[PDB]
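Any value given below was found using the heavy atoms of this structure, including those in side chains, with hydrogens, waters and symmetry copies removed. In what follows, every chain begins at residue 1, and chains take the letters A, B, ... in the order their sequences are listed.
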Amino acid sequence: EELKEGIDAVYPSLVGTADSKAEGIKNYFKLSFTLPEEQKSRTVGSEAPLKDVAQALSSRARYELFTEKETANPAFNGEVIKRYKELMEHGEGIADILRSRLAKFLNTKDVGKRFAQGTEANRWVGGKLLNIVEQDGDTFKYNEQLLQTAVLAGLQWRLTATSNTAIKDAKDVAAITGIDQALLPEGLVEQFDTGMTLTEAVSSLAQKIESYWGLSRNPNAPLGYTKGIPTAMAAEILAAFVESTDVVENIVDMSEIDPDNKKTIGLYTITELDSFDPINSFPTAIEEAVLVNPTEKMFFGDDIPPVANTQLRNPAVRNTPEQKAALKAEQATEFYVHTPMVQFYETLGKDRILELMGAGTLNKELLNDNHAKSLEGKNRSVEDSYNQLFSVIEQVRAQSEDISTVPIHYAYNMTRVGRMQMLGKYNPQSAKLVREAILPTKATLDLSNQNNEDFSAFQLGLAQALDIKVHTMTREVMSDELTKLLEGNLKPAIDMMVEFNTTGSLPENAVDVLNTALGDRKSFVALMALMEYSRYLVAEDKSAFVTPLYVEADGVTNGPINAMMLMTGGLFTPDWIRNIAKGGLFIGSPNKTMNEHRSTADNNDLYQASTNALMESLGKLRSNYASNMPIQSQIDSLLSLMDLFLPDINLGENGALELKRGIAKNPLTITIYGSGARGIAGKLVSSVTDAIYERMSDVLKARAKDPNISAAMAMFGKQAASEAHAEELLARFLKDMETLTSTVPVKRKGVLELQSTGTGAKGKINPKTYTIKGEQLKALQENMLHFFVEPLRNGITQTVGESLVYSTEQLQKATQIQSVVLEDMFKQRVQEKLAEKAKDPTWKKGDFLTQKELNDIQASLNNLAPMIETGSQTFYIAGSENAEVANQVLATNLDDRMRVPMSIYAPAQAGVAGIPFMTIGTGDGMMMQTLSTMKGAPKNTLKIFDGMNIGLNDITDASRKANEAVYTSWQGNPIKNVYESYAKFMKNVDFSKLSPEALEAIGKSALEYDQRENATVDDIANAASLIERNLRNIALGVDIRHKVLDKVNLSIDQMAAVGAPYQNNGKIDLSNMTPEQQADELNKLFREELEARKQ
DNA sequence: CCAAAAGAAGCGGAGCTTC
Ligand SMILES: Nc1nc2c(ncn2[C@@H]2O[C@H](COP(=O)(O)CP(=O)(O)OP(=O)(O)O)[C@@H](O)[C@H]2O)c(=O)[nH]1
Ligand SMILES: Nc1nc2c(ncn2[C@@H]2O[C@H](COP(=O)(O)CP(=O)(O)OP(=O)(O)O)[C@@H](O)[C@H]2O)c(=O)[nH]1
Ligand SMILES: O=P([O-])(O)O
Ligand SMILES: [Mn+2]
Ligand SMILES: [Mn+2]
């Protein structure tokens, strides 16, 4: 413990004494940090970090010497050096702003004078930066080493933070704003996704600052300072960036949206550099100079990423040896630029790519306001992908003369749901634009004979890219569908691309050519197909055609099928056998493929099946209210409105209802995963209203083209046969909107009753400003809920099985109950430590606990089995980071604003998270992990969770391996894993110790509704043990089912497209049998196995 | 439903208050 002397030698003039027990001013920087055993940052010890790093950046030679390396990134050239010189000068500006901000803080309310007189201002929420100041005559000044290093971190954050932010969707924006997800105004999601919240901005900035300071946290120092000091620095730097206009602050007033929402929420947006800024070609020079082991960098050639030790954002969970092996395998894969696609993108240019793939140039007077905001968001995503691709390309271009031969590696980590996530927002796994320019897939094909297997592979890739659903038809049938398309509608586009691949030029009408040819087949991968086919046509040597074109093996209705296989717990039923076949589990059909199943046996997948069951439930609901004309009319109007605007709903002339799989796809999925019906109703309404607002733009565009067009032809001209037709479609719309907003169904004692809202929609429609307001949205949702979603939910249960639903319920309940106890006990042990600390004269409220103290509290939870283990994966369902544990501000800026809450890694309630955690984890997660690590693991692939892109040379074997990996995952038993954790929990939990809040939360899960009011401790303890019994029985059933299934002849084609099924070679032959016969035989084998347990 | 949380700001020196 010579760590006190060490850090004092480096920072001898900081104000105060590095002694927690001292009477006067105590220095909490020196008390909180220590010098590392091995250098982490090259700025430690530097008198002037900004000067030193600026010199290092001033030339290649100086950079190489400072970094103690032989050769710098070749992207670090003259133009880039000049830009960094200018950026360093800007660093001086930020430093100067910070110094003045400190001066102002010291002067205001005499804080500096009081601090000098012994007022412990350095322990205030806004004064923690006084721990990094030094006496300066009658005042104080920043330690220059710490300030300048922090500014360097600030500059790196400014350059690359935006590219590393998370994506905000509707759920995220609802949590942030506190506005019900279904009622979010159009473009609010887009507004919030483009900016950072205060916590988002400060936490990322603070991480950078602490990293560059290059020290280690003292485990016996309070988090109020270890986390507090760098956060305080970050808050000041964010404030400085607002002053400099590097960051724009927008305080968004929620009361303008919902008058009873008091929240005012800060959004921070970094000012974007020019797309042509040379700094874009190497944006991490600072990072790679300051840090001995940089995080932010590209991995070129044989520079490979390290393997992460812990689960993403879950430091309590180590990646298992098998997970680390999978990560290593994926990080080993080489990606390469496909020059033709880069040149194609480049030649079209950003504007034309936006026109083709986004919304083009928006003119805000032919657009409905709400629709205009969605179109803005669509442009943003495409533009950001384009810009990010070309920044990467500029860096790749510097590495070699031939960009197509520069290997690129990507870092991955395991998420909390066991998926291998490629890090970054704009990479091949996450961004479709990028996916068609940077690829690991490569093959040299013999395309000289259209009868070759190589040519068949080529065709499969092209067809899939062109939106032919290749898994639904045999290879032979696919081939003919592709040929017709290539020689038909696509031919003018192919001709254009042939010319491009000859002269390098595109015509002025290139966008129109592609649009007209592709129609609804338009996608980035479709562009790759047109490119590659045209390249083949002009190829000199068709016998050795080199292409990155791929085939994606993708899981057919993957999550739902995995749940059905992994968690169905009773005896076998013929309906389950038929339905699981829809997912590619074929019993008694050696070598059967999904392609054959779809073409000869059953053309309806699981989602289509549930749609059919919805149609039955709907009929039953109508019969229950046959004599009720108001109810019948209300149902009619809902279905009418959906028919008007949604592609997956169709009503025939005589009233015949037709539904496509698309309406059930997400609802079925998220229902299994614990979604309420209300949320689904909200999403369906949003899809309807999206289409309405778009149709309103179609109106404004029709009126501009023709001022004497009728409202009926302006809104329904493109949709109608004649004009009288457009008139009856318009009448429908107005009638539907009136009744669906003025009247709502309410359930009263199991009966639906119509009620007047009093807030019905009436008035002339102004297509420009037209917006369906909150109360009217609520009414649409209520109609959608009771007349569509409830029937759909009934259909869902019928399709996936009541047995599965039961398993998922018990899983949810157990994991929720456990998480409630974990959360409450953590909080109680925290409050108990804080009551002790309140006796410590060295401790002040706002100082929190130490890391050791928190580590001890987490370790004390271990007899409650917080972790779920499978043998190859670890899940921590309760793991979170939240502000509710410390319930206090961590730091503010020096203006008493930017008040960052103190967030702590702690267990929190799971809610329904246990279901998707376990289903995604032991399903697609385990499948991919197995694919990366199994004997003969396919090489040169890109994995996208339940889909895998395969090079054309290896489509057969890699597909068969994928199906084998499915079979391997289907040997799992997530319920058994949950049970083993819950069983340990149950023998160590003391329900009497729980707070009243925790006991109430467990009551909801463990008890029937008529039990919460009067709940005793012993009642809910008894109820919790009952769930343990339920889990044990389900787990036993699953085990038997898997064992029995393994004995039988199986052909598995869940990872479909190629027609390469995995055969388990089970010896019991169930061929030439109905599902009823099969179920009987399987159940005989079940009982036989069940009687083997007994004895 | 899940894969990441997440109000601001005066006065005063924490945390109540009001918007
Ligand atoms: N918890 C959630 N999981 C989702 C959601 N969307 C997709 N997924 C998961 O990813 C899985 C694969 O998604 P895909 O895009 O391939 C669609 P899916 O496989 O369900 O059916 P196909 O259309 O046959 O591919 C899916 O089955 C779910 O387990 C979602 O909104 N929430
Ligand atoms: N857990 C979740 N996974 C998702 C969700 N959305 C997408 N995904 C996963 O990411 C994969 C890619 O999603 P995309 O947006 O590209 C939809 P697409 O049909 O184009 O994907 P493919 O299945 O690869 O054809 C998807 O298949 C799922 O496996 C989600 O909301 N939750
Ligand atoms: O093109 P699909 O059939 O693999 O989705
Ligand atoms: Mn899928
Ligand atoms: Mn997929």
- Query: Are A:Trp843 and A:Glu836 close enough that some pair of their side-chain heavy atoms sits under 4.5 Å apart?
  - Reply: no
- Query: Are any side-chain N or O atoms of A:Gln323 and backbone N or O atoms of A:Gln873, one a donor and one an acceptor, separated by less than 3.5 Å?
  - Reply: no
- Look at the aromatic rings of A:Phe241 and A:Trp157 and report parallel, tilted or perpendicular, splitting at 30° and 60°. parallel
- Task: Check the pair A:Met867 / A:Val317 against side chain to side chain contact (heavy atoms under 4.5 Å, CB included), numbers first and verdict last.
- Result: CA-CA 8 Å; A:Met867 311 292 176; A:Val317 180; 3.8 Å; yes
- Residues A:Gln851 and A:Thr226: side-chain donor-acceptor under 3.5 angstrom: no
- Test: A:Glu832 and A:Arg829 ion pair at under 4.0 Å: no
- Can you list the steps and then say if A:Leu834 with A:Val830 is a side chain to side chain contact (heavy atoms under 4.5 Å, CB included)? CA-CA 6 Å; A:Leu834 289 169; A:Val830 166; 3.9 Å; yes
- Salt-bridge present (A:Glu120, A:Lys844; N to O < 4.0 Å): no
- Task: Using atom types as modelled and distance alone, determine if a side-chain donor or acceptor of A:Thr149 lies under 3.5 Å from a backbone N or O of A:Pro49.
- Result: no
- Item | A:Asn131 side chain to A:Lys26 side chain, donor-acceptor N/O pair below 3.5 angstrom | no
- Could you tell me whether the side chain of A:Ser41 and the main chain of A:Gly214 form a donor-acceptor pair under 3.5 Å? no
- Query: Can any side-chain N or O of A:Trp124 pair as donor or acceptor with the backbone N or O of A:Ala891 at less than 3.5 Å?
  - Reply: no
- Grab the two heavy atoms, one from A:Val189 and one from A:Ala170, that are nearest each other, plus how far apart they are. CG2-CA, 3.6 Å
- Note on the structure: Nearest heavy-atom approach of A:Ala22 to A:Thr17 is CB-CB, 4.1 Å
- Item | Side-chain donor/acceptor of A:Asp52 to backbone N/O of A:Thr43, under 3.5 Å | no
- For A:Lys141, does the NZ atom sit with more than 12 other heavy atoms under 6.0 Å from it, leaving out its own atoms? yes
- Item | Minimum heavy-atom distance between A:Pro306 and A:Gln331, given as atom pair plus value | O-OE1, 3.0 Å
- With a 4.5 Å heavy-atom cut-off, do A:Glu272 and A:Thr162 have their side chains touching? no
- Query: Do NZ/NE/NH1/NH2 and the carboxylate oxygens of A:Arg101 and A:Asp895 come within less than 4.0 Å?
  - Reply: yes
- Is any side-chain heavy atom of A:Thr231 closer than 4.5 Å to a side-chain heavy atom of A:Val202? yes
- Task: Show your reasoning for whether side-chain hydrogen bond (donor to acceptor under 3.5 Å, both in side chains) applies to A:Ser981 and A:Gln818.
- Result: CA-CA 9 Å; A:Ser981 169; A:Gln818 194 157 171; 3.0 Å; yes
- Task: Answer yes or no: is there an ion pair linking A:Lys837 with A:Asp840, defined by an N-O contact shorter than 4.0 Å?
- Result: yes
- Query: Just wondering, do A:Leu130 and A:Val15 contact through their side chains at under 4.5 Å, heavy atoms?
  - Reply: no
- Item | Between A:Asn427 and A:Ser430: side-chain donor-acceptor atoms closer than 3.5 Å | yes
- Under 30°, 30 to 60°, or over 60°: which ring-plane class applies to A:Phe29 and A:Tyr11, parallel, tilted or perpendicular? perpendicular
- Give a yes or no answer on whether the side chain of A:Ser860 reaches the backbone of A:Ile857 with a donor-acceptor pair at less than 3.5 Å. yes
- Message: Checking A:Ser244 against A:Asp246 for the side-chain hydrogen bond (donor to acceptor under 3.5 Å, both in side chains) test, could you report, in this order, the C-alpha distance in whole Å, the side-chain angles of both residues, the deciding distance, and whether it holds?
- Response: CA-CA 5 Å; A:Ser244 71; A:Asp246 283 289; 2.6 Å; yes
- Query: Do the charged groups of A:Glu997 and A:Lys827 touch, with an N to O distance under 4.0 Å?
  - Reply: no
- Message: What's the separation between atom CD in A:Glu249 and atom CG in A:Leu267, rounded to the nearest 0.5 Å?
- Response: 10.0 Å
- Query: In Å, rounded to the nearest 0.5 Å, how long is the span from CD of A:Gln909 to CD of A:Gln816?
  - Reply: 4.5 Å
- Over all atoms of both residues, closest heavy-atom pair of A:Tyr84 and A:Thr284: OH-N, 3.4 Å
- Could you tell me the separation between the NZ atom of A:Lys324 and the OG1 atom of A:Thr310, rounded to the nearest 0.5 Å? 9.0 Å
- Message: When you measure from the side chain of A:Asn143 to the backbone of A:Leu146, do you find a donor-acceptor pair of N or O atoms at a distance under 3.5 Å?
- Response: yes
- Take A:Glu296 and A:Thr160 through the side-chain hydrogen bond (donor to acceptor under 3.5 Å, both in side chains) test and state the conclusion after the steps. CA-CA 9 Å; A:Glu296 299 189 60; A:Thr160 59; 2.5 Å; yes
- Message: What's the separation between atom CD1 in A:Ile167 and atom CG in A:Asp172, rounded to the nearest 0.5 Å?
- Response: 9.5 Å
- Side chains of A:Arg123 and A:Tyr225: do they bring a donor and an acceptor to under 3.5 Å? yes
- Does NZ belonging to A:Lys425 count more than 12 external heavy atoms closer than 6.0 Å? yes
- Count the heavy atoms of every other residue, nucleotide or ligand shown that sit under 6.0 Å from CD of A:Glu37, and state whether that count exceeds 12. no
- One should read off an interatomic distance between A:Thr415 OG1 and A:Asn314 CG, to the nearest 0.5 angstrom, of 9.5 Å
- Query: Do the side chains of A:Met898 and A:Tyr268 get nearer than 4.5 Å, heavy atoms only?
  - Reply: yes
- Validation row: A:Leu861, A:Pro907 side chains within 4.5 angstrom (heavy atoms): yes
- Task: Would you check if A:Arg114 and A:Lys109 make a side-chain contact, meaning some heavy-atom pair closer than 4.5 Å?
- Result: yes
- Got a sec: does the CG of A:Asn250 have more than 12 other heavy atoms crowding it under 6.0 Å? yes
- Message: Under a 3.5 Å distance rule, please check whether A:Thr874 uses its side chain to pair with a backbone N or O of A:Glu869 as donor and acceptor.
- Response: no
- Message: Looking at every non-hydrogen atom in both residues, tell me the closest pair between A:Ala908 and A:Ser880 and how far apart they are.
- Response: CB-OG, 3.2 Å
- Query: Salt bridge check: are A:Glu210 and A:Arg217 linked by an N-O gap of less than 4.0 Å?
  - Reply: yes
- Distance col, row A:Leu87:CG vs A:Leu57:CG, nearest 0.5 angstrom, shows 8.5 Å
- A:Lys208 to A:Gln156 - nearest heavy-atom pair and separation: CE-CG, 3.7 Å
- Query: Counting only heavy atoms not in A:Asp8, do more than 12 sit closer than 6.0 Å to its CG atom?
  - Reply: yes
- Decide yes or no on side chain to side chain contact (heavy atoms under 4.5 Å, CB included) for A:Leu273 and A:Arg158, but give the supporting numbers first. CA-CA 10 Å; A:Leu273 296 172; A:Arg158 185 265 177 271; 3.6 Å; yes
- Within the distance-only criterion (no hydrogens, no angle test), does the side chain of A:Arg42 pair as donor or acceptor with the backbone N or O of A:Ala289 below 3.5 angstrom? yes
- Message: Please check: side-chain N/O of A:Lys263 versus main-chain N/O of A:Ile179, any donor-acceptor pairing under 3.5 Å?
- Response: no
- Given side chain to side chain contact (heavy atoms under 4.5 Å, CB included), test A:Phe917 with A:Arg416 step by step and report yes or no. CA-CA 7 Å; A:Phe917 267 58; A:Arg416 299 128 105 92; 3.8 Å; yes
- Task: Determine whether A:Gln191 and A:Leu188 make a side-chain contact, defined as any pair of heavy atoms from C-beta on separated by less than 4.5 Å.
- Result: yes
